[PDB]
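The structure appears right after this line, and notes come after that.
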Amino acid sequence: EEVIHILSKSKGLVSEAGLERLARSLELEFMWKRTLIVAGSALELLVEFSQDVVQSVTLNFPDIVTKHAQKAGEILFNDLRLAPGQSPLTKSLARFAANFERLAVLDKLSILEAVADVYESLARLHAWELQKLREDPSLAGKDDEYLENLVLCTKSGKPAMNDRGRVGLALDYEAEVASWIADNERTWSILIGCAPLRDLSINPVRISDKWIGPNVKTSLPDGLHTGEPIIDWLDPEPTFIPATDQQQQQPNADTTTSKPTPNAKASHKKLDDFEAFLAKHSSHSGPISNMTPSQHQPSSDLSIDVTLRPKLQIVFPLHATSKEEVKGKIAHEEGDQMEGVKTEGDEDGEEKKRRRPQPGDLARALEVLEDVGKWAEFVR
Amino acid sequence: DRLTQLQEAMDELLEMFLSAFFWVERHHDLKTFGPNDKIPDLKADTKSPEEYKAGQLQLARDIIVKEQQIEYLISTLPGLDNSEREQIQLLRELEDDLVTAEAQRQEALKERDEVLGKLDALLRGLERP
Amino acid sequence: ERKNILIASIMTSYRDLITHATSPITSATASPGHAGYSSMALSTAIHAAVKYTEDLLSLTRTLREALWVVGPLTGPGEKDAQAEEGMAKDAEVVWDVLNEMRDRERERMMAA
Amino acid sequence: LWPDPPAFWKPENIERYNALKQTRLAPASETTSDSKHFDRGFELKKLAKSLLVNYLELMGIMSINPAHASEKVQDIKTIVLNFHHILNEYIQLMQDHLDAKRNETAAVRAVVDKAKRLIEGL
Amino acid sequence: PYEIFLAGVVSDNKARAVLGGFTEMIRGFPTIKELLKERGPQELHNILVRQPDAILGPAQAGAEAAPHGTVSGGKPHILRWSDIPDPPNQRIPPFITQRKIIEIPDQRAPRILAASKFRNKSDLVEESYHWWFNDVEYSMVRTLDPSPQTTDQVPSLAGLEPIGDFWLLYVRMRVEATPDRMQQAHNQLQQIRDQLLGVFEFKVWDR
Amino acid sequence: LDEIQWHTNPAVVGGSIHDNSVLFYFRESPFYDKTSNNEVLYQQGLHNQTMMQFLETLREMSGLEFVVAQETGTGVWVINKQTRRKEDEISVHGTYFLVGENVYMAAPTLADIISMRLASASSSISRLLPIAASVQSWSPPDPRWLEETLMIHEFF
Amino acid sequence: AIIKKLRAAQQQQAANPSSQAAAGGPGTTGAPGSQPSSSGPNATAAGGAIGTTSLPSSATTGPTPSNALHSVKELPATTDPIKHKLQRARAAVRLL
Amino acid sequence: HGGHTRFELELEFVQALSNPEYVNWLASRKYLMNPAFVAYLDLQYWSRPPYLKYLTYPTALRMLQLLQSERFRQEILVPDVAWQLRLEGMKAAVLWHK
Amino acid sequence: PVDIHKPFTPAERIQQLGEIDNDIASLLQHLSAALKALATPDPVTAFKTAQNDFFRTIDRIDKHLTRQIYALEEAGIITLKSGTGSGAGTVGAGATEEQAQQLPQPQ
Amino acid sequence: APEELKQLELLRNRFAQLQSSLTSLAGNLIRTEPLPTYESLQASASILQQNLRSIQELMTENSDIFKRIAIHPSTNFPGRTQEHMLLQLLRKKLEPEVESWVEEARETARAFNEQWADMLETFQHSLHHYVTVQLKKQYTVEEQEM
């Protein structure tokens with residue numbers, strides 16, 4: 001029957017109780033000593049005869065990438081080591097499954113693979129995009145987040161793979177020696193993988209030695225051809241963003257109540273975020289419904305209004321040549337019980353994209369702007 | 001005391017002599033006394049003849065030690081200076097010695113309990129639980 | 001009865017008492033112990049002669065001493081006495097009434 | 001009968017008399033407490049016998065001082081009374097009398113020999 | 001109906017003395033002049049009548065007539081009455097009467113039932129005093145000889161063998177359905193008889 | 001003066017205490033008659049009849065005499081002294097109880113003239129005033145509320 | 001050190017729930033043996049049930065023993081206070 | 001005087017009352033009723049510190065207090081209790097019962 | 001009978017019975033003198049006079065009490081119950097007096 | 001001797017009546033808690049007084065014979081005469097109250113106090129005249145009508 005697909009898909013939840021390694025993605029191993037070996041790497045876990053003790057992985061001979069090992073342990077093992085407090089029965093192997101996922105797919109395709117990466121020839125760009133900042137705002141460490149307008153990548157920060165970064169919700173600033181922000185802020189991602197191709201409009205894998213000239217003026221050469229041709233890769237998005245009906249060159253009156261936190265500030269301030277400060281600037285004063293602030297982003301932003309005797313109410317379309325408008329109204333170290341409410345005039349379709357694969361090098365680092373210009377925080 | 005017992009013994013010795021002599025006479029004399037051919041046995045006083053004149057060396061030998069016992073305690077008398085004023089001169093100290101050494105032990109029971117009583121408020125309230 | 005107990009008290013008691021002047025005054029020529037006897041005679045005669053609360057009762061609380069009639073209930077004709085002062089104030093209050101009445105019509109602005 | 005009393009002097013008016021008359025560390029305290037208690041108690045209870053020894057010394061001094069003389073006087077009275085009817089006839093055999101006189105003579109001699117030595121002091 | 005009557009005569013040679021004695025056992029003394037009109041039927045038509053011994057008699061309170069005289073008092077509701085005779089079989093308490101009686105607002109229904117069967121006969125007029133203390137209509141009445149019939153009573157002479165105002169203690173409770181109340185009334189009557197046994201005495205007599 | 005005995009009489013010497021010699025105690029009693037027949041005959045008992053056997057003969061004489069009547073638990077003796085001075089005319093002028101080695105005698109006046117002076121003098125004391133008051137004088141919350149709970153105390 | 005059924009043995013769901021029984025030539029056809037495996041899973045579940053019912057006391061109410069623990073902590077504090085006061089008094093004492 | 005001797009007659013009386021039967025005899029003669037007599041008796045030259053050595057019946061001391069006791073006079077007046085007083089364990093009382 | 005006059009005056013009449021108590025008491029005075037005279041070894045009645053004093057006072061008391069008995073007449077008891085515990089007064093009118101006695105208030 | 005047996009028997013009977021009355025009084029006293037009635041005590045005292053008078057009477061007229069009478073027993077004497085309760089029965093020793101009776105305080109000017117029946121004569125005269133005196137009117141005032 002046709003619906004057996006949906007029947008099997010409905011149980012897309014793993015057992016997630018540990019102590020039984022049945023990933024069964026066509027790997028191979030043996031019991032006592034549950035070491036596994038593929039045409040690529042090898043993973044050896046010497047769990048206790050009743051629970052987990054030690055785990056390690058040897059990236060069987062590649063190439064240089066072997067040095068990139070010895071950090072896979074502190075991420076995989078760190079997901080099976082269970083002693084924050086006491087928890088002999090509650091240990092769901094969902095995170096470990098997710099991290100293990102992104103390696104079996106690469107090992108399943110090796111041909112004599114995880115070797116063709118670009119980060120080695122991409123860290124040059126990151127190292128150079130700081131020396132472009134000889135200007136000295138006297139920040140001492142804020143330039144590294146200021147670099148989130150153009151480019152940033154990393155390897156194995158939180159997950160066990162290569163990825164990138166963009167706008168990280170602060171961008172403008174804090175003694176706080178603890179890492180309380182590290183588990184409360186969300187730099188998003190851009191993942192990277194490889195997958196079989198079906199439509200012959202995409203170049204195969206071009207195994208690489210250089211993509212960029214010997215002097216960075218922003219040139220971009222390309223790899224060449226002919227490794228007994230191969231099958232190319234792909235990359236997903238962490239938190240899929242709904243883009244409007246653009247797809248170029250690959251009534252409602254709901255309301256809520258919240259509690260802001262004002263302590264002491266100027267005559268009257270916003271409620272939702274910080275950047276509404278600098279955008280709200282024609283001069284030092286004169287906020288008489290100027291109705292045209294910039295609010296600089298890869299896609300610009302729109303108007304503002306305020307009444308007098310001043311219970312505000314504002315309007316913000318998106319003048320990115322798509323020109324769709326919305327608006328919200330407002331009524332009134334401690335909560336203030338504001339009145340959030342939104343009403344929209346027109347409607348249209350949104351895409352909500354999560355993954356599209358690229359044919360080559362540049363096609364990924366080109367569209368970052370439009371993505372950045374698509375933040376719609378709307379705190380709830 | 002010693003004098004008392006020796007005196008009463010010396011006296012009761014006479015009662016013993018009367019008990020001996022006249023009872024041995026009541027043991028009628030089968031002697032060769034000079035009445036006529038009527039052995040005086042009944043009116044002028046068989047009974048065991050073992051004491052008439054043999055008893056003068058049979059039963060009196062039982063009493064020779066009873067009459068020699070007297071000299072025993074004779075040696076036990078306290079013969080010394082009959083003006084015993086020395087002993088009282090040398091013992092009169094004791095009447096004050098015991099009280100002087102006592103004052104400490106008199107106050108002891110009480111005051112050694114009192115070094116505890118100064119604390120007994122707490123030493124007896126502490127049992128709170 | 002309740003006023004002839006008088007006799008059976010006065011005579012009976014306080015003649016039989018004075019007739020015990022004989023018991024002591026009898027001639028004495030015979031016996032030495034009958035005095036020890038006769039002591040009882042007088043020492044009871046005088047405690048008999050002390051019988052006077054039971055006469056003071058029937059003297060003071062004789063019948064009533066305070067209230068002597070079968071009390072009927074009738075009606076007096078003396079209400080007129082208060083009726084006079086009542087009628088005086090009755091005929092007098094109307095003066096205060098008319099005095100106040102004048103106050104109503106005392107107000108005048110334009111009418112007639 | 002009885003000599004009924006001579007109650008001459010008898011009274012309450014007596015002012016003559018009285019008129020002339022106008023002419024984990026407390027173990028330390030526990031142990032020292034026990035020690036002091038025991039020492040004091042023992043010393044007290046023991047050395048009281050001083051009373052008994054003084055009583056004995058005084059009693060002995062008394063019992064020897066005058067009563068020795070009374071004994072020394074009453075002793076020879078018995079010997080003086082012993083010679084009731086004895087005479088030098090060796091009227092009966094009186095062998096019991098002779099042997100008695102010998103025995104009590106020896107006894108009195110021993111008593112006297114003790115007595116003369118007894119009074120060492122002067 | 002039902003009630004527990006009681007009566008006993010005394011000579012009026014002692015009227016004032018007994019009035020005094022009765023003044024207390026609380027109130028004053030009200031006087032009432034009354035008149036009656038006995039009638040006899042002829043046609044023998046009894047639904048709820050029982051003519052033979054239950055013949056009819058109306059009573060009219062000549063209240064002002066006392067100070068006025070001749071009887072003309074139809075305005076007061078002339079209470080018609082028809083009673084059973086002296087019922088035997090009880091002697092602990094006194095007799096218990098059954099007198100169906102009611103008043104009506106000057107209703108000529110008396111004349112109507114007369115035209116039916118009845119006709120007025122000789123009748124009387126009485127005087128009474130009523131010293132109602134509490135729950136017992138203590139009264140003393142007398143039919144000072146009313147030779148007339150529902151009119152003035154100038155002669156006002158003796159009425160019967162009992163000459164002298166006759167006393168009456170009435171406890172009128174037509175609701176005999178409560179035997180508890182009946183026994184309680186019997187107890188109260190025995191109690192007051194005991195309390196008054198001093199001078200006043202009473203038992204069945206001859207009218 | 002014959003109410004109770006007394007001892008100026010400590011000697012038992014005279015004589016043997018029996019019929020023969022029981023009267024010597026009276027012969028030397030605290031009170032002697034000094035003139036009776038025995039006192040005028042046997043005081044001459046020197047070298048003459050000096051025994052009760054002879055005394056049993058004197059009724060023959062004419063004067064004051066004595067007779068023993070009883071010999072009575074263990075020692076009840078009685079002497080019925082009389083004065084038979086004339087012929088055969090006795091005059092009893094007093095008896096004597098000799099039990100308890102002394103003399104005793106009492107008159108029956110006692111039985112009344114002690115009972116009177118005891119009973120009257122005793123019973124005549126109950127006339128103390130017991131109580132005295134009357135109309136004139138002859139005939140004489142919260143804490144008050146705990147009682148109402150007494151019975152309920154046991155109940156519950 | 002729990003003696004109950006093993007954590008992993010108490011598998012929440014059959015890992016191979018389908019057991020590769022996709023309706024084609026390649027399908028688990030041991031339907032009766034599959035029912036037997038399910039009955040074995042149910043027997044293991046009942047064993048875990050018995051072990052749980054018999055394992056823990058579950059003292060009073062999941063809150064009452066917590067209240068009792070607070071009470072016991074207060075009592076322990078008070079008791080320690082008494083021994084401390086006693087030791088301090090003993091120290092103040094024993095001067096002479 | 002009418003009575004010749006003085007001192008021995010003074011003390012023979014005060015120390016004469018050894019056994020009670022005689023004092024029962026005296027209570028019979030009711031000399032104790034006399035207030036002058038009792039006041040004179042409450043005569044104790046012997047018991048004092050001085051004029052004490054001469055006494056030679058040192059067990060007629062409890063008697064002085066038993067006599068100063070008021071009610072015990074008439075209490076002992078009864079002959080039977082007076083007899084009951086005549087008993088004491090001389091032997092057992094080796095050391096002066098008091 | 002009221003021979004001389006009625007002279008009932010019941011409110012005052014009380015005084016007689018109020019003063020007879022003095023004779024009743026002085027009876028004991030008239031008595032004690034007899035004992036006091038018989039005590040000493042006196043003229044038999046020439047020093048007593050007490051018997052005749054006694055008899056005089058007794059006859060006087062008896063006469064006065066009899067005159068009181070006959071001044072009263074209520075045949076022992078009649079209308080036996082509580083005398084005039086059957087009683088009602090004029091407290092009503094006495095109280096309502098205030099209407100007239102008080103309230104000449106306008107003046 | 002037999003002629004006075006009736007006398008002594010009458011004495012015994014009257015004495016038994018005394019004892020019976022005494023016992024009855026003793027019982028009636030405790031029969032209730034308070035003094036029962038003053039009048040009961042009065043009546044009982046009178047009762048005792050009558051037979052006390054009885055004994056007093058029986059004494060005098062034959063006293064002399066009692067004086068002459070010595071111990072002359074009969075019908076039980078010689079046997080029961082061991083127990084020394086005879087002394088207790090015949091205690092002529094007076095009791096302390098009998099002693100404390102005071103002939104003193106009267107001995108003063110004593111040896112006359114007799115010859116005073118003229119008292120009783122005057123008393124008889126007065127009482128006899130009073131018995132005659134019963135005139136209601138004036139109570140011996142003997143004056144005007146009123």
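Chains as they are written, first to last, in my numbering: chain A, 1 to 380; chain B, 1 to 129; chain C, 1 to 112; chain D, 1 to 122; chain E, 1 to 207; chain F, 1 to 156; chain G, 1 to 96; chain H, 1 to 98; chain I, 1 to 107; chain J, 1 to 146. For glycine and all other residues, C-beta sits at the position ideal for the given N, C-alpha and C.
Residues sharing a beta bridge with residue i, DSSP
| i | result |
| --- | --- |
| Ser82 (chain E) | E:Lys100 |
| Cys153 (chain A) | A:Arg164 |
| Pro236 (chain A) | A:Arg355 |
| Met140 (chain E) | E:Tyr129 and E:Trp167 |
| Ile330 (chain A) | A:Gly340 |
Interface residues of chain F facing residue i [CB-CB closer than 7 Å]
| i | result |
| --- | --- |
| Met59 (chain J) | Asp112 |
Extent of the continuous alpha helix (DSSP H) to which residue i belongs
| i | result |
| --- | --- |
| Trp23 (chain B) | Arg2 to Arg26 |
| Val92 (chain F) | Here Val92 (chain F) belongs to no alpha helix (DSSP H); instead the beta strand (DSSP E) covers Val92 to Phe97. |
| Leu18 (chain J) | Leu5 to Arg31 |
| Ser34 (chain G) | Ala31 to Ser54 |
| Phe37 (chain H) | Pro35 to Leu41 |
| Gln42 (chain J) | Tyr38 to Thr60 |
Within 8 Å, strictly: CB atoms of residue i and residue j
| i | j | result |
| --- | --- | --- |
| residue 211 (chain E) | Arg174 (chain E) | In the structure as shown, chain E begins at 1 and stops at 207. Residue 211 (chain E) is therefore absent and cannot be evaluated. |
| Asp117 (chain A) | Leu130 (chain A) | no |
| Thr218 (chain A) | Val341 (chain A) | no |
| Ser156 (chain A) | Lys71 (chain A) | yes |
| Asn82 (chain D) | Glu104 (chain D) | yes |
Chain-ordered chain F contacts of residue i [CB-CB under 9 Å]
| i | result |
| --- | --- |
| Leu63 (chain C) | Per Cβ cutoff of 9 Å: no residues; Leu63 (chain C) is ~15 Å from chain F at best. |
Residue i: contacting residues in chain F (beta-carbon distance under 8 Å)
| i | result |
| --- | --- |
| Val98 (chain J) | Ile114, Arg117, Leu118 and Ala121 |
Partners in chain E for residue i, counting only beta-carbon separations shorter than 9 Å
| i | result |
| --- | --- |
| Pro72 (chain C) | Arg16, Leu19, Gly20 and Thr23 |
Contact set between residue i and chain J, taken where Cβ atoms lie within less than 7 Å
| i | result |
| --- | --- |
| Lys63 (chain I) | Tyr139 |
Chain-ordered chain B contacts of residue i [CB-CB under 8 Å]
| i | result |
| --- | --- |
| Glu15 (chain D) | Correct list: empty, because the minimum Cβ distance to chain B is about 46 Å. |
8 Å Cβ cut-off: residues of chain I touching residue i
| i | result |
| --- | --- |
| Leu56 (chain C) | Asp21 and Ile24 |
First and last residue of the uninterrupted beta strand (DSSP E) at residue i
| i | result |
| --- | --- |
| residue 208 (chain E) | Since the first residue shown for chain E is 1 and the last is 207, residue 208 (chain E) is missing from the structure and cannot be characterised. |
| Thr58 (chain A) | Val54 to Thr58 |
Proximal residues of chain G, C-beta to C-beta of residue i below 8 Å
| i | result |
| --- | --- |
| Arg24 (chain D) | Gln87 |
At 3 residues or longer, and completely inside the segment 2–36 of chain E: list those beta strand (DSSP E) runs for me, N to C. Inside the segment 2–36 of chain E, DSSP marks whole beta strand (DSSP E) runs of 3 or more residues at positions 31–36, from first to last along the chain.
Can you check the segment 66–97 of chain H for any alpha helix (DSSP H) of at least 4 residues that lies completely inside it and give the ranges in chain order? 72–77 and 79–85
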